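*Asks:* Here it is, the structure in full.
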Amino acid sequence: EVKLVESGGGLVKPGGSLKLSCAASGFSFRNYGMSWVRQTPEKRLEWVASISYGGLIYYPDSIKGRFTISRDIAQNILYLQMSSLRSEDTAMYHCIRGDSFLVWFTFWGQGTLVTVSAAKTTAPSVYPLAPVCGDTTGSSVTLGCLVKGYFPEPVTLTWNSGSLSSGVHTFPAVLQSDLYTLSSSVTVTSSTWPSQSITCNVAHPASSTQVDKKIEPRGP
Amino acid sequence: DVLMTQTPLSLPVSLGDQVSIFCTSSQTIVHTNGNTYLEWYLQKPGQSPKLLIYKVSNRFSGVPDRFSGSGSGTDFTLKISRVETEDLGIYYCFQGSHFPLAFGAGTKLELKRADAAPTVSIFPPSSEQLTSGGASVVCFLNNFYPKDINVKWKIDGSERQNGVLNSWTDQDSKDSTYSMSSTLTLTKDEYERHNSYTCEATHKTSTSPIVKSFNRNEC
Ligand SMILES: Cc1c2ccccc2c(CCC(=O)O)c2ccccc12
C-alpha cells in the first residue's frame, strides 16, 4: 500500500527555518516524480517544488532560493528545507507522488501544518455575550461567546459541557493582529434561557487554559 | 506564466443535477510533447485533494463514472452527470503543461435551498471586557440563504466601516443555510464616546437592511 507521511510541521518565527520530511511507502523515488503542494488558510493551492525520478528540480520563482526539495532515495524520504519564511508561507504542506509526463499529483499525503508567526503563546480572552433589551422580546433567544486574542490555534468551545449542541454556530478564527479571535452563538427557546443555565466552556490547550463563562442577562 | 481561472467560486446545486464546472487558462496549455496536462481535483471537507481527471479527459482509476473532463485551447470543463451528496466540496483545476505549474482558485459545490432571511443578533461589550479596557460589539447574522450578504455598522447614525472582523460558517450540513459573525472592536474610552451601535444586514431578502441596535447607556 502506497503511503506518504508528512512530518516536521510546526510554529516558526518569520525569516526562520524548518525542515519537512515525507516518508514514502509502496513505491521507489527513482520511478516517480515527487512534489510539495501547500494549501494556505484561504484554501488556495500552491505548488512549492518537485523533483523528477531522475533528480531534476523545479521551483516557482516565489519559492526558488528560499525552499529546497531534496530526497533520500535510499531511505525513501522526501524533504523540503524552508527558510526566509514569511506569514504567507503558512499553510498545510502535502507531498505528492505523480506519474512522470502523465499526472502531476496522483497521490496526496494528508499533510503537515506550518505556521509562520512572531506571536507568542497567549491564553484567550473569553467574554459572555448577553442580549440587548430588544432581541429578547420574542420566541427564541440567541446568546454568544467571544474568544479573543489567543495563540496559537486551536481552542475548544462548548455550551454546558457539550450538553448544548443543536442550534449552535462556532465561527472560524481570524487573525486580528497576530492573535486569533473566534466567536460562537447559541440559539434556544425563550423559556430555556435565562430560566435554564447556559455556559460557554472554552479551552486553549497550548496555554493550559480551561475557562467557563455563564451568560447572564444584562440590565442594571 | 499561465493563470487558471475558475467560475463560479460557488455553484449552488440540487442533488441529481448534471453540472459543468469551468476553468480557463490565460493562454494555451499544451506541453512541448503534445500533451495538455490539465487536471481536476476534489477536496472533500476535512480531507486532502484527490485526483479526478488527468490530461483534460482521462478519468482516474477508482473515480465514479459520473465525472468526466473535456476542453480545448483555453476552456476546460468538469462534468458530473448526476450529483450526489458525496460530490459536495471544492473543485480545483490545474495546468502542469508550463512552468510555473498553476492551480485554479477552486469552485465550491454547494446545496441549493429556499431563501432564508438571516436572524440578526447584536451584543454590546461584556462588563468584563470593559474592565480590561476594551469594547467588542459582536453581531450574528445567522441561518440565511443564499450566502451573499452585506453587514454594515453605524455608530450614532454614522457608518463605521473600519476595524471590523468578519467570519463565515460553512453551509450547515443540516438545514443548508449560512451564518456569519461580525465583530466590531473599539476601546473602553472610544466606546464610551458613543451611544448608538447598530448592525445592518443587506440580504437579497431585504435591500432595506435588517437593523438591530442598542444604546450604550440605555437599552
Ligand atoms: C509528476 C510529474 C509530471 C506529470 C505530468 C507531466 C510532466 C511531469 C514532469 C515533467 C514536466 C516537464 O518537463 O515540463 C515531472 C517532473 C519532475 C517531477 C514530477 C513530474
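Identifiers in the C-alpha cells: chain A, B, ... in order shown; residue index from 1 per chain; ligand index from 1 in order shown.
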Around ligand 1, at most 6 Å away and counting only C-alpha atoms and all ligand atoms, which residues are there? Put them as a PDB file with C-alpha atoms, in the first residue's frame, please.
*Replies:*
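This went into pocket-v1.pdb:
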```pdb
ATOM      1  CA  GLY A  33       8.203  12.335  -9.684  1.00  0.00           C
ATOM      2  CA  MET A  34       7.730  13.978  -6.287  1.00  0.00           C
ATOM      3  CA  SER A  50       9.094  18.975  -7.385  1.00  0.00           C
ATOM      4  CA  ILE A  51      11.947  16.585  -8.120  1.00  0.00           C
ATOM      5  CA  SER A  52      11.877  14.134 -11.048  1.00  0.00           C
ATOM      6  CA  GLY A  98       2.971  11.866  -9.538  1.00  0.00           C
ATOM      7  CA  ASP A  99       3.361   9.963 -12.773  1.00  0.00           C
ATOM      8  CA  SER A 100       6.098  11.476 -14.949  1.00  0.00           C
ATOM      9  CA  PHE A 101       4.599  13.030 -18.089  1.00  0.00           C
ATOM     10  CA  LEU A 102       1.238  11.548 -17.136  1.00  0.00           C
ATOM     11  CA  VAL A 103      -0.263  13.201 -14.000  1.00  0.00           C
ATOM     12  CA  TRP A 104       1.326  15.671 -11.594  1.00  0.00           C
TER      13      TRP A 104
END
```
*Asks:* Any chance you could list, as a ChimeraX atom specification, the residues in stretch 116-151 of chain B that come up alpha helix (DSSP H) when DSSP is run on the backbone?
*Replies:* /B:127-132
*Asks:* Would you output that residue set with N, CA, C and O atoms, as a PDB file, in the first residue's frame?
*Replies:*
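Output saved as again_30.pdb:
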```pdb
ATOM      1  N   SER B 127     -19.395  43.349  30.388  1.00  0.00           N
ATOM      2  CA  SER B 127     -18.970  44.178  31.504  1.00  0.00           C
ATOM      3  C   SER B 127     -17.546  43.818  31.870  1.00  0.00           C
ATOM      4  O   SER B 127     -16.803  44.633  32.417  1.00  0.00           O
ATOM      5  N   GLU B 128     -17.174  42.582  31.559  1.00  0.00           N
ATOM      6  CA  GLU B 128     -15.844  42.084  31.860  1.00  0.00           C
ATOM      7  C   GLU B 128     -14.813  42.710  30.940  1.00  0.00           C
ATOM      8  O   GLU B 128     -13.806  43.245  31.398  1.00  0.00           O
ATOM      9  N   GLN B 129     -15.062  42.644  29.638  1.00  0.00           N
ATOM     10  CA  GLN B 129     -14.122  43.211  28.689  1.00  0.00           C
ATOM     11  C   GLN B 129     -13.876  44.674  29.025  1.00  0.00           C
ATOM     12  O   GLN B 129     -12.742  45.142  28.984  1.00  0.00           O
ATOM     13  N   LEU B 130     -14.944  45.382  29.376  1.00  0.00           N
ATOM     14  CA  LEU B 130     -14.868  46.803  29.718  1.00  0.00           C
ATOM     15  C   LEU B 130     -13.856  47.112  30.813  1.00  0.00           C
ATOM     16  O   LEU B 130     -13.172  48.136  30.764  1.00  0.00           O
ATOM     17  N   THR B 131     -13.762  46.228  31.799  1.00  0.00           N
ATOM     18  CA  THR B 131     -12.827  46.421  32.896  1.00  0.00           C
ATOM     19  C   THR B 131     -11.398  46.276  32.405  1.00  0.00           C
ATOM     20  O   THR B 131     -10.500  46.995  32.851  1.00  0.00           O
ATOM     21  N   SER B 132     -11.191  45.336  31.488  1.00  0.00           N
ATOM     22  CA  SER B 132      -9.868  45.117  30.926  1.00  0.00           C
ATOM     23  C   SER B 132      -9.502  46.339  30.088  1.00  0.00           C
ATOM     24  O   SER B 132      -8.331  46.543  29.750  1.00  0.00           O
TER      25      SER B 132
END
```
*Asks:* As an exercise, work out the distance from atom CA of residue B:198 to atom CA of residue A:218 in Å and give it to one decimal place.
*Replies:* 17.8 Å
*Asks:* Output the contact residues of chain B with respect to chain A at a cut-off of 9 Å, based on only C-alpha atoms, as an MDAnalysis selection string.
*Replies:* chainID B and resid 33 35 37:39 47:52 54:55 60 92 96 99:106 120:129 136 138 140 142 165:170 179:181 183 212:214 218:219
*Asks:* Which is closest to residue B:14 among B:79, B:113, B:216, B:44, if we use only C-alpha atoms?
*Replies:*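 Among B:79, B:113, B:216, B:44, it is B:113 that comes nearest to residue B:14.
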*Asks:* Need the shell around stretch 13-23 of chain A: protein/DNA/RNA residues with any atom at most 10 Å away, counting only C-alpha atoms. Skip same-chain ones fewer than 2 positions apart. Format as a ChimeraX atom specification?
*Replies:* /A:3-11,25,36,66-72,75-89,93-96,109,111-120
*Asks:* Distance atom CA of residue B:115-atom CA of residue B:177, one decimal place?
*Replies:*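 Atom-to-atom, atom CA of residue B:115 to atom CA of residue B:177, that is 8.7 Å.
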*Asks:* Residues at most 10 Å from residue A:123, counting only C-alpha atoms, excluding those fewer than 5 positions away in the same chain, as a ChimeraX atom specification?
*Replies:* /A:147-152,155,203-210
*Asks:* Please indicate the distance in Å from atom CA of residue B:65 to atom CA of residue B:84, rounded to one decimal place.
*Replies:*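 About the pair atom CA of residue B:65 and atom CA of residue B:84: they are 12.3 Å apart.
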*Asks:* Using DSSP on the backbone coordinates, identify the residues of stretch 10-219 of chain B assigned to strand (DSSP E or B); present them as an MDAnalysis selection string.
*Replies:* chainID B and resid 10:13 19:25 38:43 49:54 58:59 67:72 75:80 90:95 102:103 107:111 116 119:123 134:145 149:155 158:159 164:168 178:187 196:203 210:215
*Asks:* Neighbouring residues of residue B:152 were defined as those with any atom within 8 Å, considering only C-alpha atoms; residues of the same chain fewer than 5 positions away were excluded. Please report them as a PyMOL selection string.
*Replies:* chain B and resi 159-161+199-202
*Asks:* In terms of the shortest atom-to-atom distance over only C-alpha atoms, which of B:139, B:184, B:23, B:53 is closest to residue B:211?
*Replies:*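 The closest residue to residue B:211 is B:139.
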